[PDB]
Amino acid sequence: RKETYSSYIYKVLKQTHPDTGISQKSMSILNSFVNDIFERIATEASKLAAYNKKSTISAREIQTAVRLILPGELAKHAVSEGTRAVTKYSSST
Amino acid sequence: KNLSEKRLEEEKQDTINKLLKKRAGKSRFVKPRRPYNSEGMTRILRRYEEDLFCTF
Amino acid sequence: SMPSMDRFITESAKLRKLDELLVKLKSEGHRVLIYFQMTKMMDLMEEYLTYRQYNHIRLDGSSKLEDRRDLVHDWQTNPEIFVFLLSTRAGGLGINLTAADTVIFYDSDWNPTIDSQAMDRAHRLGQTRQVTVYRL
Amino acid sequence: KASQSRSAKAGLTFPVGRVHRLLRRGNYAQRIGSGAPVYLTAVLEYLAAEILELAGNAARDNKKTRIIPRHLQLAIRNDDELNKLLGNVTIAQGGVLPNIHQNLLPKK
Amino acid sequence: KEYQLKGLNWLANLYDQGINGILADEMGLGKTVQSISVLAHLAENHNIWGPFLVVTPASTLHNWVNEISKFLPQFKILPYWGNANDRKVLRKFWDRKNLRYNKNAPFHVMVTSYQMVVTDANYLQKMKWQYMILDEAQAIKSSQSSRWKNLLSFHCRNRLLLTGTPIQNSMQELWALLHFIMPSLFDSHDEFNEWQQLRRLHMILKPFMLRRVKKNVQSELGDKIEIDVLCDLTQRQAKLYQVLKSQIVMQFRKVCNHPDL
DNA sequence: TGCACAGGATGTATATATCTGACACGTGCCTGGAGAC
DNA sequence: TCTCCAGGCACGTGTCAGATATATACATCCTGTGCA
């Protein structure tokens, strides 16, 4: 058993470009890319949560981490997409 | 034991390859009636001896 | 109004004469091979054959290699098959068509050597009756 | 009683529970909140969508139907914020941009 | 069991002379069983069950292996077709490192296609053959064919041609086939051109070509009669003849076949 | 001594036939994500 | 922490793009010969 983000990446390019094939090398490039952003964001959030004497990682910690790591334009697009997704998820009433 | 396992693996590979080579070289009605749907409908039957009228 | 089937037959005079000779060829109960030059010529004949609901099979260049075995086997075993759609150089190179005699060359005029190979395919030893080579 | 995952609850196509699993046994904090994997899932989904959009028109600019890391490399380094993000990373089989300094041309 | 036995003995006689033969006769009389009897009697002569190559179109390849299995099942047959994994399996099996004659090995007869020979010239340049037989040689009519080039480059040193009609008359085809028979003597085509025209072309191929015909056996085959039907165009088949030249080959050919095309 | 004309040869031009060739889709399974406390 | 079922993996089978090939006739270009 080994884990890959291949199907999710596949449907992501299928919403935007249906008639587009993919290379396996390009898939490995993309997998390494998303894993690198994941570990960077996770270590930034864990370091910030340790810095504020708090034992809980919440949405505002990765919010500050995304403000910190990403450059500003892609930062406010990222937090905008995250806020609409989180507010849509939180409406379980 | 290693030589016997190697001979068994060689025999299995030879058998698989011979089966593949033998399969590649030697191997590579009345129409049905229309459906009859009569639901929620009356019926008239005329047999030789007796007639029917199935109504609702 | 739909494209009429009889209007599709009658607007082509070669197909018109073909439909006339098929009436007596099926009335006698014979075995018929028909040759063509193009894919689109044999992409139109089976529509005419569905009007007659004739037993017909087609062999061409895009057919898979294993199907050419069992189609020839069904030819040399089943006698109820009627129409044999053949390409120029596919069925005319060494194929055993010994129980067939009536070949219909629709447009076999591209080179005489291919036609020579074509009528060497059916006119072979083991044929029990006379061979009539039609050329429309 | 049966209900689907949290990803389409948030309207996302990336796995939310897998992100939660990687956060929990990734050993970053002893307590992980509820809304954090959804936020991270949305961020990584948006970044992947933007990267594949750029690779998409980079591959339409070469008249092809498949993605070569030439197209990925080009779509990275003709965009300035991905240039700033991915400055220190090297891509496998990427090459360089066509550039030449002004005085090196045959000016005459 | 026919007069092909004396023909195959004459082929073995010119083999004993040391030159490659020409079959210049039509298909129908059984050249396939004649060639398998050539191989069987040649094997009876100098004890060779070894390398034999059959180059054959893919539709009649199955007919070839079928008649080989039905008539003379003593040898071991090998096909060469299919996918790449089956190609690698047959590359594992056809291994013939031991040179000259072999007995307990499955490479007795080797059947393959024209394209497959053309596209595995990197692998068929090795495995030096003993007897290639190319049936239906009309596809080696052209001297510019790359298949003809990789058929030149083998190390078999036997180039027996099997075809129904070698007489396609493009005036380069005869030089090409003769240059395939002996590579060594025939290489200059200009001297073939420069060295009464109808009479002097008949005895050039006379020691090589044999003269047979279908009108020598009992004829229950049918004695085929050509019934030709000539018919006239319809109006819809008439007006596109003027339409095509109004805007100004195979185009009008197919409009003649059926307008819908 | 040059130029023009004629003849021959070569190249082109666009469906076939084959015919691989590397791509995209129809079934198992098992385990880990989801619900409940 | 207990339960439990379908997601996504893994592994099979089919379908439009490239490559040699026939092919005949037409057109263009080059070379040779004859003439002024």
Report, in debye and to the nearest 20, how large the dipole of segment D:6-104 comes out about its Cα centre when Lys and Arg carry +1 and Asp and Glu carry -1 on their Cβ.
600
Percentage of Cα-Cα pair distances in chain E greater than 27 Å, rounded to whole percent?
51
I'd like the per residue volume of the convex hull spanned by the Cα atoms of segment A:1-40, given in cubic angstrom.
77
Alpha-carbon spread of segment E:191-235, three principal axes, descending order, Å
55, 40, 16
Looking only at segment E:40-72, which residues have a backbone nitrogen under 11 Å from a spot 7 Å from the Cα of E:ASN102 in the C-beta direction?
E:50-52
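So what is the orientation-averaged projected area of chain C, using the convex hull of its C-alpha atoms, in nm²?
8.7
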Separation of segment C:7-45 and segment E:84-133 by C-alpha centroid, Å?
45
Taking Cα atoms only, Rg over Rh for segment C:34-94 with Rh from the Kirkwood formula is 0.95
Rounded to whole Å, give me the distance from the Cα center of segment C:110-131 to that of segment E:195-261.
14
Please give the average number of partner chain Cβ atoms lying within 10 Å of the Cβ of each residue in D:46-58, rounded to a whole number.
6
Label zone at D:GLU53 (point 7 Å along Cα-to-Cβ), backbone N below 15 Å, segment A:69-89:
A:73-82
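For segment C:1-129, with only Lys/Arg (+1) and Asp/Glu (-1) charged at the beta-carbon, what is the dipole magnitude about the Cα centre, in debye rounded to 20?
180
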Spin-label zone in segment E:88-118 - amide nitrogen under 18 Å from a point set 7 Å from the Cα of B:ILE16 along the C-beta vector
E:88-94
Rounded to the nearest 10, the angle in degrees between the Cα long axis of helix D:36-60 and the longest principal axis of the Cα atoms of chain D comes to 30
Cα-based equivalent ellipsoid of chain A: semi-axis lengths in Å, sorted from largest, via gyration tensor
28, 18, 14
Isotropic mean projected area of the C-alpha convex hull, segment D:4-89 (nm²):
7.6
If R0 = 35 Å, then B:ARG28 and E:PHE252, at their Cβ-Cβ distance, give a FRET efficiency to the nearest 0.05 of 0.25
Relative intensity, log₁₀ I(q)/I(0), of segment E:45-138 from a Debye sum that treats every alpha carbon as a point, q = 0.11, 0.12, 0.22, 0.23 Å⁻¹
-0.30, -0.36, -1.32, -1.43
Add -39500 (n - 2.57) for each DSSP H run of 4 or more in the protein assembly as shown, then divide by its residues: what number comes out at 222 nm, to the nearest 500 deg cm²/dmol?
-14500 deg cm²/dmol
Taking a quarter of the surface of the convex hull around the Cα atoms of the protein assembly as shown, what do you get in nm²?
60.2
Which entries in E:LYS141/E:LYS224; A:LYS2/D:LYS63; E:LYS31/E:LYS224; B:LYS18/E:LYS97 show an alpha-carbon gap greater than 23 Å?
E:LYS141/E:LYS224; A:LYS2/D:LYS63
Go ahead and run the numbers for FRET between A:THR16 and A:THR87, Cβ-Cβ distance against an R0 of 30 Å, rounding to 0.05.
0.80
Computed from the beta carbon distance with a Förster radius of 60 Å, FRET efficiency for E:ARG87 and B:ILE44 to the nearest 0.05 stands at 0.30
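Note: ideal-geometry Cβ built from the backbone for every residue, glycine included; neighbour counts use all protein chains shown. Each value in this text was obtained by applying a stated rule to the coordinates, not by laboratory testing.
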